[PDB]
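Undergrad: Chains as they are written, first to last, in our numbering: chain C, 12 to 249; chain G, 12 to 249; chain W, 12 to 249; chain B, 218 to 449.
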Amino acid sequence: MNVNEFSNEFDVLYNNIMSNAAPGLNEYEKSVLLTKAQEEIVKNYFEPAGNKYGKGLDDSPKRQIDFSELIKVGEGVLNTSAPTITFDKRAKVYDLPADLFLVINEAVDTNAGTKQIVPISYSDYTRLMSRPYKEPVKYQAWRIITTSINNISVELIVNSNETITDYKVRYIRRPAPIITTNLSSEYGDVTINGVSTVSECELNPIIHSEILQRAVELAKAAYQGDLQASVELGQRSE
Amino acid sequence: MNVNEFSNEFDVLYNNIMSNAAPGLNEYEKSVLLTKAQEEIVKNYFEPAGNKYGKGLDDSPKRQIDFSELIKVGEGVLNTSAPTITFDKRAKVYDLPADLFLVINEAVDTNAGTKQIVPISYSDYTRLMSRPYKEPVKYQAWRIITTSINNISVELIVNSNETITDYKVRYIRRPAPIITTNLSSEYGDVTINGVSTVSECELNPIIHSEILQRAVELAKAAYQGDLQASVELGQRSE
Amino acid sequence: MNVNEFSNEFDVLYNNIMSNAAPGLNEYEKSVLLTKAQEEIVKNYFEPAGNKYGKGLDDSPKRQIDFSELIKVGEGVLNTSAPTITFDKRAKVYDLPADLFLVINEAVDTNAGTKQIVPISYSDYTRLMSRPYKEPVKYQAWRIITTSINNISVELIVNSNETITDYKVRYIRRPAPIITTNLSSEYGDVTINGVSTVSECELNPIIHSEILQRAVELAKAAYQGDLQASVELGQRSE
Amino acid sequence: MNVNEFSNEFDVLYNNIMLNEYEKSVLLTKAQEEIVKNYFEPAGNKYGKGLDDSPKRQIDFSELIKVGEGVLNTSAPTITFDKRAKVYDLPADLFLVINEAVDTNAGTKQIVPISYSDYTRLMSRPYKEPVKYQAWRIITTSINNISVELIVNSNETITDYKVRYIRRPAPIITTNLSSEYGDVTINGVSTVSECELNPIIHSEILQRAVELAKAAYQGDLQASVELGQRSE
Numbered sequence: 012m013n014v015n016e017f018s019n020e021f022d023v024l025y026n027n028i029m030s031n032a033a034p035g036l037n038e039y040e041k042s043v044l045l046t047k048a049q050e051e052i053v054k055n056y057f058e059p060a061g062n063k064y065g066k067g068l069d070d071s072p073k074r075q076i077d078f079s080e081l082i083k084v085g086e087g088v089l090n091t092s093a094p095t096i097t098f099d100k101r102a103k104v105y106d107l108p109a110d111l112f113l114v115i116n117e118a119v120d121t122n123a124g125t126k127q128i129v130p131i132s133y134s135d136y137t138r139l140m141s142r143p144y145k146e147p148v149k150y151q152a153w154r155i156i157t158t159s160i161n162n163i164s165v166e167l168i169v170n171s172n173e174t175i176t177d178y179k180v181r182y183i184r185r186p187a188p189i190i191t192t193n194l195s196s197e198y199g200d201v202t203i204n205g206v207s208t209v210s211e212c213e214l215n216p217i218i219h220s221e222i223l224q225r226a227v228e229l230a231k232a233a234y235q236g237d238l239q240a241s242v243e244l245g246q247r248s249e
Numbered sequence: 012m013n014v015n016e017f018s019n020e021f022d023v024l025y026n027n028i029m030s031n032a033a034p035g036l037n038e039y040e041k042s043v044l045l046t047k048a049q050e051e052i053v054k055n056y057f058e059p060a061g062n063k064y065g066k067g068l069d070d071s072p073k074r075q076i077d078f079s080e081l082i083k084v085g086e087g088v089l090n091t092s093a094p095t096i097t098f099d100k101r102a103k104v105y106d107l108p109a110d111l112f113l114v115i116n117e118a119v120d121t122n123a124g125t126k127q128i129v130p131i132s133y134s135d136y137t138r139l140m141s142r143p144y145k146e147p148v149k150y151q152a153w154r155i156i157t158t159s160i161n162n163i164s165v166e167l168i169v170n171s172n173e174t175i176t177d178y179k180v181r182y183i184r185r186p187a188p189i190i191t192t193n194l195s196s197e198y199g200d201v202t203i204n205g206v207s208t209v210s211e212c213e214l215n216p217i218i219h220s221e222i223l224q225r226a227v228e229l230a231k232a233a234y235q236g237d238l239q240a241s242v243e244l245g246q247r248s249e
Numbered sequence: 012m013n014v015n016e017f018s019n020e021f022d023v024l025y026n027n028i029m030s031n032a033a034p035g036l037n038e039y040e041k042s043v044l045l046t047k048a049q050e051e052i053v054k055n056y057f058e059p060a061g062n063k064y065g066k067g068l069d070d071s072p073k074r075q076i077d078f079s080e081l082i083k084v085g086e087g088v089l090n091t092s093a094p095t096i097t098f099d100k101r102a103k104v105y106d107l108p109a110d111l112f113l114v115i116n117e118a119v120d121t122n123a124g125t126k127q128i129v130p131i132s133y134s135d136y137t138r139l140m141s142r143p144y145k146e147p148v149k150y151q152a153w154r155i156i157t158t159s160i161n162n163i164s165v166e167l168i169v170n171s172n173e174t175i176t177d178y179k180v181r182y183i184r185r186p187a188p189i190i191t192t193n194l195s196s197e198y199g200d201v202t203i204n205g206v207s208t209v210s211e212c213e214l215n216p217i218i219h220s221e222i223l224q225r226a227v228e229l230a231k232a233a234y235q236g237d238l239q240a241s242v243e244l245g246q247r248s249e
Numbered sequence: 218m219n220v221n222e223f224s225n226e227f228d229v230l231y232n233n234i235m236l237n238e239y240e241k242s243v244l245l246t247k248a249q250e251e252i253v254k255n256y257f258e259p260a261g262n263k264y265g266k267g268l269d270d271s272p273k274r275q276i277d278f279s280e281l282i283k284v285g286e287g288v289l290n291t292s293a294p295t296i297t298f299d300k301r302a303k304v305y306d307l308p309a310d311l312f313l314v315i316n317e318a319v320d321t322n323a324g325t326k327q328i329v330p331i332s333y334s335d336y337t338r339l340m341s342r343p344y345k346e347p348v349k350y351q352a353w354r355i356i357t358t359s360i361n362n363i364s365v366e367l368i369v370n371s372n373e374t375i376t377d378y379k380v381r382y383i384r385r386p387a388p389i390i391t392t393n394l395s396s397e398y399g400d401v402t403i404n405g406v407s408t409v410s411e412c413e414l415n416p417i418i419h420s421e422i423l424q425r426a427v428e429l430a431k432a433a434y435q436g437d438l439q440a441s442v443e444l445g446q447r448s449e
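1) Report back the beta-carbon spacing between C:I156 and C:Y136 to the nearest angstrom; my notes put them in contact at under 8 Å.
2) If we cut at 7 Å on Cβ distances, does G:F98 have a partner in chain C?
3) Cα-Cα, which of W:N27, W:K73 and W:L111 is closest to W:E86?
4) Which bits of chain C does G:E50 rub up against, with CB to CB less than 8 Å?
5) Rounded C-beta distance between G:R185 and C:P72? I'm assuming under 8 Å.
6) Under 9 Å Cβ-Cβ, which residues of chain G neighbour C:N204?
7) Taking 7 Å as the threshold (C-beta atoms), are B:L438 and B:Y239 in contact?
8) Please report how far the alpha carbon of B:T325 lies from the alpha carbon of C:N31, in whole angstroms.
9) Measure the CB-CB distance between W:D106 and W:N162 and report whether it falls below 7 Å.
10) Starting from B:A426, trace the alpha helix (DSSP H) in both directions and tell me its first and last residue.
11) Where DSSP assigns a beta bridge to G:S164, which residues make up the other side?
12) Run down chain G in chain order and give the residues with a C-beta less than 8 Å from the C-beta of C:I82.
13) Using the C-alpha atoms, what's the distance from W:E228 back to W:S196?
14) For G:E228, return the contacting residues in chain W, with the cut-off set at a CB-CB distance below 8 Å.
15) Alpha carbon to alpha carbon, how far is C:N55 from C:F21?
16) Tell me which residue opens and which closes the beta strand (DSSP E) that C:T176 is part of.
17) Any Cβ of chain C within less than 7 Å of the Cβ of G:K103?
18) Name, going along the chain, the residues of the segment 35 to 65 of chain C whose beta-carbon falls closer than 9 Å to a beta-carbon of chain G.
19) Does the segment 60 to 68 of chain G come close enough to the segment 39 to 49 of chain G to have 3 or more Cβ pairs within less than 8 Å?
20) Any beta carbon of chain W sitting closer than 7 Å to that of G:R181?
21) Is there contact between the segment 201 to 211 of chain G and the segment 141 to 151 of chain G, where contact requires at least three CB pairs shorter than 8 Å?
22) Using 7 Å as the threshold, is the C-beta distance between B:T321 and B:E366 below it?
23) In angstroms with no decimal places, state the Cα-to-Cα distance between B:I276 and B:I315.
24) What residues are listed by DSSP as bridge partners for W:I128?
25) Checking the sheet assignment: what are the DSSP bridge partners for G:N13?
26) Excluding the 5 residues preceding and the 5 following B:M235 in the sequence, name in chain order all residues of the same chain whose CB lies nearer than 7 Å to its CB.
27) What residue range is occupied by the uninterrupted beta strand (DSSP E) comprising B:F312?
28) Using a Cβ-Cβ cut-off of less than 7 Å, give me the residues of the segment 128 to 139 of chain G that come near chain C, in sequence order.
29) Given a limit of 8 Å on CB to CB distance, which residues of the segment 105 to 120 of chain W reach chain G?
30) Examine chain W for any beta-carbon lying closer than 7 Å to the beta-carbon of G:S79, and answer yes or no.
31) Look at G:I160 and G:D99 and say whether their C-beta atoms are less than 7 Å apart.
Below, the structure written as structure tokens:
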């Protein structure tokens with residue numbers, strides 16, 4: 012469904028049938044609520060505990076097809092542009108793509124073959140570095156986030172006497188906002204995520220109805236406006 | 012039941028018998044609610060936890076016959092049209108049909124015979140690639156979604172020294188909207204999913220009554236219009 | 012009970028005894044509600060979890076006699092009329108009868124004798140095709156629904172070097188609507204399922220009273236007309 | 218209605234279906250000023266409806282609504298009650314303000330006419346600036362004109378100040394007053410003056426003038442005080 016259909020069925024589901032009908036929502040408000048509902052839905056469906064099914068990214072066909080249009084593959088750029096201080100002397104710093112929402116798969120291609128990057132926790136890092144070896148298992152590499160400015164910088168730890176040729180990252184692209192109409196105005200240009208032009212929902216049509224329902228629920232919680240509704244509907248932001 | 016019958020029995024079940032009868036619903040509103048009810052019903056019945064029976068796509072004769080008219084078989088087109096970056100060096104990119112709602116069965120015919128495609132999760136992918144072999148079992152192939160624009164693109168991983176001849180996908184077609192009347196108007200053409208012409212329900216007649224009941228429930232929740240009803244009836248969007 | 016008796020006892024049970032009697036229902040409304048009640052009753056009684064007894068199609072003498080008048084035996088027509096794309100290279104496409112509600116028994120007569128068709132699920136299909144043999148057990152055949160337009164098309168998989176002579180389907184016929192009076196009018200012909208003429212209930216007289224009670228309950232839920240009653244009485248649509 | 222029609226149909230209503238023209242002019246001018254106030258305030262009239270509360274009220278004030286710019290009062294170096302207040306003079310022919318906006322470098326901002334109580338309340342807090350799309354306004358030392366302090370947010374400059382207001386009505390005069398009456402003026406004009414208002418409210422102005430005449434000529438104190446209630 013295109014943006015006009017988002018807005019028309021938003022109006023239908025919000026106030027065109029309600030008995031003591033409420034004021035219609037302005038297009039900026041509808042775009043804001045739709046973008047919020049989109050992000051909430053993405054976060055709810057990525058995490059199993061966030062939805063009533065207990066199903067995350069790839070726990071069912073529907074969850075695969077939900078994020079299928081939001082998956083992207085890119086590469087981390089070696090961060091030798093400027094000097095820096097790494098926590099580990101034997102780690103190579105890489106910069107992830109700017110439009111990164113969530114990392115789901117990483118791999119590094121070295122001279123000793125491809126290796127799956129395992130994101131190790133800080134307590135896990137301490138445990139592993141208290142051991143005599145201090146290097147990954149055969150077909151794996153280690154990873155920790157380092158000092159990041161304006162984009163995520165990442166330290167890749169591989170086994171000794173190994174060089175990294177490329178660093179691929181299969182991630183979830185940051186969703187683009189849903190903007191119903193050109194938000195340009197003479198009184199001031201308002202933006203949802205830095206863009207005023209019309210922006211279609213760049214995800215699969217399977218969850219457009221879900222985004223619409225969530226947006227309507229958020230609109231009605233805003234209309235109710237007491238602390239109660241804000242608190243319970245803020246639980247699903249996550 | 013054709014579209015006229017959808018609308019007439021919608022009117023019967025909505026406001027023609029109700030004591031303090033409500034305003035009749037316009038045909039655009041009825042078409043919108045019917046399309047929403049259709050999608051909600053499809054998602055509820057595909058997933059066992061979404062309905063009170065706990066029965067999914069093929070858990071009973073009724074669930075088979077429900078989606079029987081919505082199943083389609085097509086092929087993935089090899090994506091050598093333009094270059095791209097694949098997460099796996101040894102994966103062939105294929106494009107699924109545009110009108111895809113849910114994938115239920117995939118198979119690939121290679122020079123070594125037909126092989127069932129197993130959609131592997133990202134954590135499952137990492138586990139499998141940490142192993143020495145890194146290839147499917149005998150009569151199977153692996154699959155992961157890759158960078159997709161305007162349609163789902165898919166990476167097929169098969170065993171070494173194997174070529175893919177065709178890639179069949181048994182999926183669930185995207186339901187067409189239910190539109191009662193030609194939505195063309197002089198004041199502006201409104202569309203449900205990009206189509207203004209009359210559109211019959213293209214599913215089996217077994218669930219037409221179910222779609223009608225769901226549409227009436229959604230209409231009455233819209234009429235009630237408080238946050239409560241929107242929140243509980245948004246649970247079954249799923 | 013004929014249609015006049017359906018309508019007269021509908022009036023008796025609806026508003027002729029109720030103290031603050033409601034408006035009488037028009038014959039189109041009574042026919043619509045009776046058809047809805049008929050379909051609801053059929054779906055409730057076919058499935059054990061849908062009724063309070065936990066008894067399905069053949070779990071008791073009453074359930075047998077309920078559908079006894081709605082069972083039909085027909086044949087699937089070989090779909091060599093036009094080309095198509097089958098998911099399985101070794102499957103023969105057949106078209107089921109148009110007036111099919113639910114399949115309860117299938118059998119195929121081959122040159123190697125009669126074989127019971129087992130409807131295999133998609134996950135079951137993947138499991139079976141990951142095995143070395145990939146063919147049914149001795150006295151059975153496999154079946155999956157394929158691309159269907161306007162009627163269910165079915166793929167029959169039998170063992171190698173076997174030809175199918177006929178494909179019998181014992182199913183439940185689609186119930187005909189209950190229409191009390193000729194719905195022809197000068198202001199517009201209204202139909203329940205494409206028919207305006209009088210239509211008797213074509214099921215056993217054992218469940219006519221049940222259909223009447225359900226229709227009256229639906230009428231009173233429509234009269235009450237709030238979201239509550241619609242939601243709880245929509246649970247038994249199923 | 219032309220002024221001749223006003224004078225002639227005053228005689229029909231006041232002289233029992235048929236006063237000096239100066240006296241008629243005085244009452245008609247007084248009547249319109251009453252009618253404008255009564256139909257502006259919702260509580261002043263019988264319907265409980267103010268300026269924009271119905272289609273009739275919108276056409277009533279339609280020909281009085283005027284849009285003008287305020288001019289910076291940089292000529293006189295007076296003293297403002299607020300540090301960041303820019304003094305602006307309003308139009309001379311101003312009766313009632315209904316919308317004010319200020320065009321800053323940051324953007325147009327709707328001016329809120331802030332009461333003396335709200336100022337002390339909002340200026341007793343940490344930040345002490347308006348909300349991001351509004352400006353405050355309080356009247357200041359005014360000489361034969363209206364001067365307003367525009368308290369816009371600091372770090373911003375005012376480039377424009379538009380005022381939408383009700384223009385002061387012109388007098389209704391039915392004859393050249395200097396012809397028979399020496400130097401009498403109604404609001405500084407001695408010559409024939411037409412009604413500058415929509416014809417919809419001419420009847421109510423005429424009816425009010427007739428009531429004012431009859432109460433004035435009856436001479437009873439009760440009548441004078443009773444009909445003086447509607448003077449505001």
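Just so you know, even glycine gets a beta-carbon here, dropped at the ideal spot from N, CA and C.
TA: Here's the rundown:
1) Here residue 156 of chain C refers to the residue found at position 145 of the first sequence. Here residue 136 of chain C refers to the residue found at position 125 of the first sequence. The pair is not a contact, with the Cβ atoms about 11 Å apart (cut-off 8 Å).
2) Sequence index remark: in the second sequence, residue 98 of chain G carries index 87 (1-based). Yes, because at least one Cβ of chain C sits closer than 7 Å to the Cβ of G:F98.
3) Along the third sequence, one-based indexing puts residue 86 of chain W at 75. Here the closest residue by C-alpha is W:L111.
4) Residue 50 of chain G sits at position 39 when you count from the first residue of the second sequence. In chain order: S220.
5) As a working note, residue 185 of chain G is residue 174 in the second sequence. As a working note, residue 72 of chain C is residue 61 in the first sequence. Between C:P72 and G:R185 the Cβ distance is about 14 Å, and since that is not below 8 Å, they are no contact.
6) The residue you call residue 204 of chain C lines up with position 193 of the first sequence. Simply none; closest approach about 19 Å.
7) Taking the first residue of the fourth sequence as position 1, residue 239 of chain B is located at position 22. Taking the first residue of the fourth sequence as position 1, residue 438 of chain B is located at position 221. It is not a contact, given that the beta carbons lie outside the stated cut-off.
8) Here residue 325 of chain B refers to the residue found at position 108 when the fourth sequence is read from its first residue. Here residue 31 of chain C refers to the residue found at position 20 when the first sequence is read from its first residue. Whole-angstrom Cα-Cα distance: 34 Å.
9) Sequence index remark: in the third sequence, residue 106 of chain W carries index 95 (1-based). Sequence index remark: in the third sequence, residue 162 of chain W carries index 151 (1-based). Result yes, Cβ atoms of W:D106 and W:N162 sit closer than 7 Å.
10) For this step, residue 426 of chain B is matched to residue 209 along the fourth sequence. Here the alpha helix (DSSP H) through B:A426 covers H419 to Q435.
11) For the purposes of this step, residue 164 of chain G is taken as residue 153 along the second sequence, with counting starting at 1. In DSSP, G:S164 forms a bridge with G:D106.
12) Taking the first residue of the first sequence as 1, we reach residue 82 of chain C at position 71. Those within 8 Å of C:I82 in chain G are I156, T157, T158 and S159.
13) Mapped onto the third sequence, residue 196 of chain W falls at position 185. Mapped onto the third sequence, residue 228 of chain W falls at position 217. Their backbone Cα atoms lie some 28 Å apart in a straight line.
14) Here residue 228 of chain G corresponds to residue number 217 of the second sequence, with the count starting at 1. What G:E228 touches in chain W: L238, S241, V242 and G245.
15) Taking the first sequence and counting its residues from 1, the one referred to as residue 55 of chain C is at position 44. Taking the first sequence and counting its residues from 1, the one referred to as residue 21 of chain C is at position 10. Distance between the alpha carbons of C:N55 and C:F21: 21 Å.
16) Stepping through the first sequence from its first residue, residue 176 of chain C is reached at position 165. Per DSSP, C:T176 belongs to the beta strand (DSSP E) from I175 to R184.
17) In the second sequence, the residue the question calls residue 103 of chain G occupies position 92. Not an interface residue.
18) Flagged, chain order: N62, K63, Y64 and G65.
19) Here the segment 60 to 68 of chain G does not lie against the segment 39 to 49 of chain G, with fewer than 3 beta-carbon pairs under 8 Å apart.
20) Start at 1 with the first residue of the second sequence, and residue 181 of chain G comes out as number 170. Output row for G:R181: interface = yes.
21) No contact exists between the segment 201 to 211 of chain G and the segment 141 to 151 of chain G.
22) Position 104 of the fourth sequence holds residue 321 of chain B. Position 149 of the fourth sequence holds residue 366 of chain B. Cβ distance not < 7 Å, so B:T321 and B:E366 don't count as in contact.
23) For the purposes of this step, residue 276 of chain B is taken as residue 59 along the fourth sequence, with counting starting at 1. For the purposes of this step, residue 315 of chain B is taken as residue 98 along the fourth sequence, with counting starting at 1. Their backbone Cα atoms lie some 15 Å apart in a straight line.
24) As a working note, residue 128 of chain W is residue 117 in the third sequence. Note: W:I128 sits in a beta bridge opposite W:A152.
25) Here residue 13 of chain G refers to the residue found at position 2 of the second sequence. In the DSSP assignment, G:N13 is bridged to no other residue.
26) Taking the fourth sequence and counting its residues from 1, the one referred to as residue 235 of chain B is at position 18. Contacts found: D228 and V229.
27) Taking the first residue of the fourth sequence as 1, we reach residue 312 of chain B at position 95. First-last of the beta strand (DSSP E) with B:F312: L311 to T321.
28) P130, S132, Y133, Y136 and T137
29) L111, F112, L113, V114 and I115
30) The residue labelled residue 79 of chain G in the question sits at position 68 within the second sequence. Closer than 7 Å to some Cβ of chain W, the Cβ of G:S79 qualifies, so yes.
31) Start at 1 with the first residue of the second sequence, and residue 160 of chain G comes out as number 149. Start at 1 with the first residue of the second sequence, and residue 99 of chain G comes out as number 88. Not in contact: G:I160 and G:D99 (Cβ atoms no closer than 7 Å).
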